[PDB]
Amino acid sequence: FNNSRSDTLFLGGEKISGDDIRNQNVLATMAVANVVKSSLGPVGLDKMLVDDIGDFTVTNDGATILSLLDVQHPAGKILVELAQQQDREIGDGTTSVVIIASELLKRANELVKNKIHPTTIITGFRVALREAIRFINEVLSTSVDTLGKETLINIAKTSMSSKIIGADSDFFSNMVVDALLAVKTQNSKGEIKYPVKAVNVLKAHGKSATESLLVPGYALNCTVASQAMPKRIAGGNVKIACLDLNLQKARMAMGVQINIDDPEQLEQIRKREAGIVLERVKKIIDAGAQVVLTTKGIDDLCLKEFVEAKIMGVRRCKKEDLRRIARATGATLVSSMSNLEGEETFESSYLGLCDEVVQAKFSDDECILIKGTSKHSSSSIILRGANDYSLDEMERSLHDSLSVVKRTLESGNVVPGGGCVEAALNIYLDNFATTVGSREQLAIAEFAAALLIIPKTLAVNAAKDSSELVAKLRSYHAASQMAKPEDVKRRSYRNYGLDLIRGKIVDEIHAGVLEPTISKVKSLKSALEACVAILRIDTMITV
Amino acid sequence: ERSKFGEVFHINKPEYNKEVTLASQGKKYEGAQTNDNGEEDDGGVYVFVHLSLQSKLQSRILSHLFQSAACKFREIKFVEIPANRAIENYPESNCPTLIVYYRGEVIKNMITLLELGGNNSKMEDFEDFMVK
Amino acid sequence: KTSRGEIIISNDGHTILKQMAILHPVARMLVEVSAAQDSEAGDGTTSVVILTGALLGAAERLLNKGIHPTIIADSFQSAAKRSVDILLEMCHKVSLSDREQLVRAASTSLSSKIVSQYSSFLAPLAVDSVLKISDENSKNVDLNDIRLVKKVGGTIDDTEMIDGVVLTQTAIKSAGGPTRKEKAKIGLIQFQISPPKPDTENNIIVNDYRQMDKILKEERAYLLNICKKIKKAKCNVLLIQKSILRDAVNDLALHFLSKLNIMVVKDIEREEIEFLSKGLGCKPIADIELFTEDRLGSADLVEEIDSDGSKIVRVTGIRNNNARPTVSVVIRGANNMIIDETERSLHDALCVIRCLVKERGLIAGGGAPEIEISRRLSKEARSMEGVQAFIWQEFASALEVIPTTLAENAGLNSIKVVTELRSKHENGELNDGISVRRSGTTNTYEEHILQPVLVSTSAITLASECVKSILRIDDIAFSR
Amino acid sequence: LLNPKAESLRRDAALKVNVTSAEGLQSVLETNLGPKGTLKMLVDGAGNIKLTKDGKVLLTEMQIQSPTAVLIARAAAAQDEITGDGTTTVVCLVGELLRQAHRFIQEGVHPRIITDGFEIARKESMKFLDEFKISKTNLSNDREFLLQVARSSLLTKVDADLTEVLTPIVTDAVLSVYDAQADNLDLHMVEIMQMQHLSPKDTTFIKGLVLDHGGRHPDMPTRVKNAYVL
Amino acid sequence: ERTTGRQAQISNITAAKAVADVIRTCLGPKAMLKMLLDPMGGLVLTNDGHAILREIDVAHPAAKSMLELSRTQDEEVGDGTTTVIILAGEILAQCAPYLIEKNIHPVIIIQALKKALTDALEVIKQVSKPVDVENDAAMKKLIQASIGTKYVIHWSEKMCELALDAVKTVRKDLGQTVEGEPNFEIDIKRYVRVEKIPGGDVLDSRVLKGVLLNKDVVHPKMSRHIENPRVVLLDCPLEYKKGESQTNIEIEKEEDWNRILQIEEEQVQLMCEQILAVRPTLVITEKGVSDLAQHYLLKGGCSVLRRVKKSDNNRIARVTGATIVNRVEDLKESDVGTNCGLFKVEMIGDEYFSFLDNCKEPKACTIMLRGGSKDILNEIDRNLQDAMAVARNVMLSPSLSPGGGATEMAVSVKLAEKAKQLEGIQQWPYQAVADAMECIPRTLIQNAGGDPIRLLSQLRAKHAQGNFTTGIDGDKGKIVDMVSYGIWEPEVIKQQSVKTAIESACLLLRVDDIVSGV
């Protein structure tokens, strides 16, 4: 060991080559695999990192561990760079990539000891990667079986399992799933992406949690300014006028200050300043609007006309909310009334129709509910519970659940997780290798066997018998694939994974363990790239 | 102002008594000057001199604490000299050592600084020293 | 791993040899051989080293048989001459005036790079760039006179040759910058336009307001006089070398030059000045006192070209005897990687075209010429007598190292590949060889796997010279 | 169950070490107790040698390596700032108490039981001290008792020959400053001076003050009777 | 560098056990003394658990984490500094054989530890007894335990009353189904700091239902008593203001220098009018206030305080509700701090005062402490802090648990009984927790010099067959009834100790390797 001090080839430093380098690289990769093993899966165990000063940190985040892990080896740093690249591209799953790369390198070294040239191993692994990518593409699916089925409901329950809302998850998960599914839209240029921000959360103390309501419309986080205007106008049919132009008392001139002691001149100046906004308001009243939403606010003086006209004004409205309300109600937010040389709101042209608009009182800040739009597809969640503490906890839990469900939905091409992909690829590549030969069969078989590390590590981290779980998973996948030529399946199904909580084999699609196809594809491709890069090093010189 | 230093400076043995000796000064407009004597009436600069060995725990901890202080105490001078390049036969038994100078004179001689506050010294232990 | 802690991973023989820091004086002959191959051939630095090693092994075996090193060197020289003759006999000649053959060779060379679909433009670009200076029957042509100028922006398809010379710096973007000038003379300036700045101790002493005014007027007058001296020489393009001690062109100097209708380009590095010394055909000016017309060049027009953000100054129509058509190919690309890869690919294409120019024609790759030459030499050596026959047989056996190495590195059966090539060569000639694309022995000629004959010829010659030099060393002594 | 750069005593090792240190300190200060005790010789290394018998001075000047001995010496030193004597008595009592406590602990007696017994015995000893003391009279003619007290104090520190010289000196010096009245006693009223090139027995008492500086003229009177001080 | 297999778990468990064993003897009135030896010649015989855990250096990261946990608990809770470490170490030691000998995965142990934590909390709730948090006599009797036998034993009678009054002033007893239970939101560190007033006696100390300010009137011609006070807080100073960028003053004639004063007067008058627009009675400015500003504010009929630290305003906004506005021009009428009690500045002990109290519940107060000397004041301050921590622990839950290890023994017995019926692999860690709970009574028996085996067996038998109020007597060392002897500890301390120890044990068990990294 420690090959050095060569009697010949007097160079500027030590030099090694061959099996020694291969074994050293394998040992370094195994050392890194030992560090990253416990961080795989939600049931993984924390690891502690200690610096040279005396400080330390504890965390099970594979990316953080790899970033802070001190690796000093020419081949070891390849895995660190691989993990950093995966974090830049994917941002998660680096532990699985590192484990797969280590297993692949170990099996490649085993093949090399079996008189298999490294180039043949690399070619076989690349062929296996291409076949695995093809299989992954063949086993992809979009966002289906999400409405009316327990697919995202289990996701919400899992996210809510660590919060007080877990007790009423059976209903809150349905609420959030429906709210996020309804808001499906093409986004921009047919991107097919759900809204980034949606589903406002409100708090109430009435009834109980099971009575939580989904508002069929939008909600504005503001008040109605003066209390003289009705809080609910035209229940049978209420129209909304959305205007961006400010109704605040205008100035006689931007660069002129009013310093006048004559009552008549003061009255004239005030008349002009209030009359600008009064004309702006009249252009809305003449349109028959019952609720007016102003983004830049409304002054008290101009609210007199609305009060006399029984019109409810709203100040400090959000631009996005008003735009969405107008679009859903068939109207459009008016950016400005200064069309050409005139000043008007185009009466009846930018007024939306709603079934009911009412100022709803809730805990903390109040809001105005706009219900009955022509087409909005959005909703707001009203929280009910025993007390305010439970309401706030449920609000935070709803935020987390909405975030995770939105992340799941935005991925329009996903593949089942929890080891389904790894086992399916293992079976498919095992079948494929029996039809290639040409010195590539061994490499393909070893590559296929390598993917079995991920399910084994997950089972080990779950405190279960990994052998039995992995064998059952392989049997299920083999049974599912064997019936493919028969074009008939009654008890044979695919997409089975490993349940790390109950220690059983379950369908991950229904269970709620899915990951985007890009994540798995990039993970496998980068793991193979790192393994090949490590294998390509057969000479090391240290000057 | 003046925000004079802002960082820990490396010292070589030939300049030890230049960079430490230079505690004995102020600058223009920081004090009174008089007839045939341009020296400020006030005191000089607090200089914190760290005699370090890279192999020792406290030396590594202090390198962190000294630079962290330097980043806030802009007006205080912090310097570091490998202990083995400061004192002929520097003994490991005294390591690390902090000597505080002021106005060219010695103010503190803190020896085996691992006991100057917690073994895992925090900026709280060092800022409590720097205000004494 | 370097002494600085940097880790370098690469399969390039040149970089490996350079970073190996070979300490043995004789082993440095391999680095010298690689450098010579790069200067002449530009490729195959691994093949020359492998051939040198095989010849060294053959020489060791011959010495074990009782053969003196001098006879080994002489017989190796004779065998190398015969092998070069055989190789030249089988070469497929090409004509530099036939752009199609050069374009095909350039495309074949470029196919190994990431940029492949755009090779249809890169290949003719290099072909034309080389042909503009090599024409036909020009013997050896040095490609180092061709400059590759990279600029951020554009895409791969954006490129230009410029038959004259191209500068890498932009014109003055401040007020007064003409940005172009017709009927321009370009000179290389090593000094800077600034007030008196003695290299020794100096200072300005003022005892009155009048003295300060006089000093300011003197400085402005010195700047104006420098600008007027530059103008009087008829230097319409000013190339100021980059400097950090003196302002390249003072604002007042810039205004004076603008009033004098002088194009100003500053922030010029030493490499650009050295390149322009041949591209422009002019001479550097040590100081303003030596600034005259004889030190200036000529050009029909000098202007900054900005089509899609190129902003590159070019000189055309030099029409000077000293100046030569040093074609400066402009490389454009939005990303730095694009321009770097384009530069590397164009360098490889230029090396291939240079190999063709020095010795017209290509030979089949994959070790086919090595196998054929080895077989022919083995057959011929039977007619020789004495130590020469043994040395020729050993040389022929050693020649098969290259195909053996190619087979081993390709993951193929080492012994079987050599036998297959030998059997196939009994019917074909310089047609079948090792190809990584087919993972076996195939018709390299039909696979468009072709390499210049000059590469193999130079490899053989350098290996012979290196083995002769190594064998000729009989003692080592210290000298200080 | 340990950390680097540290050493700890487990089981009863700490008790044994403390007892050994206390016994060592007692043996160090055992020989200098009472008027029949001996004197200790201290060398500072600079050429100065001190021959001292007082426990407080010996403990303060002497360097102590055993941490338990250092603690015992520091605790006993409090006697100087409170009563001015008894340091040797404190050390001997601590040493013997620790000897007996260790002897009982070897038999299985828990240390807390011994501590409780010591506290009870301390309370009983305080009661005995209260019942056993003798009340001194306030008579101004108690000079004989003061002489006896001074002799008792001096015999412990002197060779029994200088006692005859120091006893009357100390008695008179203390009595003169504190008259036969309530008032108060302050030993700062008694000045201490040292003179060289004189016999040890020459020590005398001066009613008033002595000035360091003398005359610088041969014609000045050697003695002045009933002088007016300017 | 790297540790794999059971070795890392063994190392962590050994470090935890080493940390626990040091303080194992720090519990009970019979706690033994310890010797701390520095590398120099100095040493101490301190027996304080916090001091022992603070001055002890540990190299193993797990020991450092345990020490940090204990130090954090020393401030989070008033007691349990050593109990947490001892309990966690005992639990880890008991669980060690299962992880090493029984080959039990750490996840099972962690889950069982969490379930045992829940069960122990339930048992502690079951065994606790209620207390009268409304009757002052019961609170005084309970709090006298942490006040007597100390330097403040002489004034204990009034110390208990002062501490209880302060805690009640900061205590908010509210219960409803709308806002939930506030948990009394008791904060002693920030809004209960004791003000040391030289002179007087402890019996003269009073509790101020608000914030006490030591800033006197900035001008003698200023009101010193307002029956309808209103506080307004500002930051921007009331003086000459320069431009945002470089400002230069150019004056030609000497008499023209009064232009700067005129500009300052104009700006200060405008700012003072803006401040007075909100009908204030006291103006507090964090930055300096010019004399002209003081005069203008006095003209408006209000007091002025300048150069007031942010610490005073932070509590003023709590007890007066005044809103602080950085810029004077941005002051709003709603920022005025109405509902203020008084501005009385009555002097006590030749010291300046400014009372901002009221009959509200701002969850903030000030303690006006008096004493005959500075040392007495400092000692009383420390003892009052301790007593108020104890009172906060008691009042946060109107119940107490028996002391002397009775609670721990009862918890162990009930946990064993429940684990007997679980019928699962997790039963082993439950029994380990139940056995580890016996650490406290073992320590009490050992410190008392009794039989570590027979006494513990008798106590366990009494708990199993008798009541759970039996414990170890501090002085006699025998098994006696805690209620009869008045031995008790707050339930909050026990719950927090158990929860923290079990959570720390779980966290330590989670770590299965220590690797180098920066």
# chains A, B, ... in the order shown; residues from 1 in each chain; ligands from 1
$ residues_around --residues "residue 9 of chain C" --least-positions-apart "5" --cutoff "9 Å" --atoms "only C-alpha atoms" --output "PDB file with N, CA, C and O atoms, in the first residue's frame"
ATOM      1  N   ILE A 537      -9.847   7.961 -14.773  1.00  0.00           N
ATOM      2  CA  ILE A 537      -8.594   8.323 -14.121  1.00  0.00           C
ATOM      3  C   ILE A 537      -7.864   7.022 -13.805  1.00  0.00           C
ATOM      4  O   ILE A 537      -8.284   6.254 -12.935  1.00  0.00           O
TER       5      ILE A 537
ATOM      6  N   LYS C   1      -1.315  16.724 -10.123  1.00  0.00           N
ATOM      7  CA  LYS C   1      -1.517  17.770  -9.130  1.00  0.00           C
ATOM      8  C   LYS C   1      -0.277  18.655  -9.083  1.00  0.00           C
ATOM      9  O   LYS C   1       0.835  18.164  -8.857  1.00  0.00           O
ATOM     10  N   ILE C  16      -0.068  16.878 -20.342  1.00  0.00           N
ATOM     11  CA  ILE C  16       0.439  15.899 -19.384  1.00  0.00           C
ATOM     12  C   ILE C  16       1.956  16.005 -19.279  1.00  0.00           C
ATOM     13  O   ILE C  16       2.521  16.044 -18.181  1.00  0.00           O
TER      14      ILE C  16
END
$ residues_around --residues "residue 341 of chain C" --least-positions-apart "5" --cutoff "8 Å" --atoms "only C-alpha atoms" --output "PyMOL selection string"
chain C and resi 113-115
$ interface_residues --of "chain E" --to "chain A" --cutoff "10 Å" --atoms "only C-alpha atoms" --output "VMD selection string"
chain E and resid 1 to 4 59 to 62 64 to 65 104 to 108 176 to 182 507 to 518
$ closest_residue --among "B:65, B:23, B:83, B:57" --to "chain A" --atoms "only C-alpha atoms"
B:57
$ select_by_dssp --residues "chain B" --states "helix (DSSP H, G or I)" --output "PyMOL selection string"
chain B and resi 13-19+21-23+57-70+83-85+92-94+113-115+123-130
$ interface_residues --of "chain E" --to "chain B" --cutoff "10 Å" --atoms "only C-alpha atoms" --output "list in words"
residues 38, 39, 40, 54, 55, 56, 57, 58, 59 and 64 of chain E
$ interface_residues --of "chain E" --to "chain D" --cutoff "12 Å" --atoms "only C-alpha atoms" --output "number ranges by chain"
E: 10-22, 29-45, 56-61, 63-64, 445-451, 474-477
$ atom_distance --atom1 "atom CA of residue 216 of chain E" --atom2 "atom CA of residue 305 of chain E"
7.6 Å
$ residues_around --residues "residue 474 of chain A" --least-positions-apart "2" --cutoff "9 Å" --atoms "only C-alpha atoms" --output "number ranges by chain"
A: 423-424, 426-427, 469-472, 476-479
$ residues_around --residues "residue 298 of chain C" --least-positions-apart "4" --cutoff "8 Å" --atoms "only C-alpha atoms" --output "ChimeraX atom specification"
/C:183-186,280,317-320
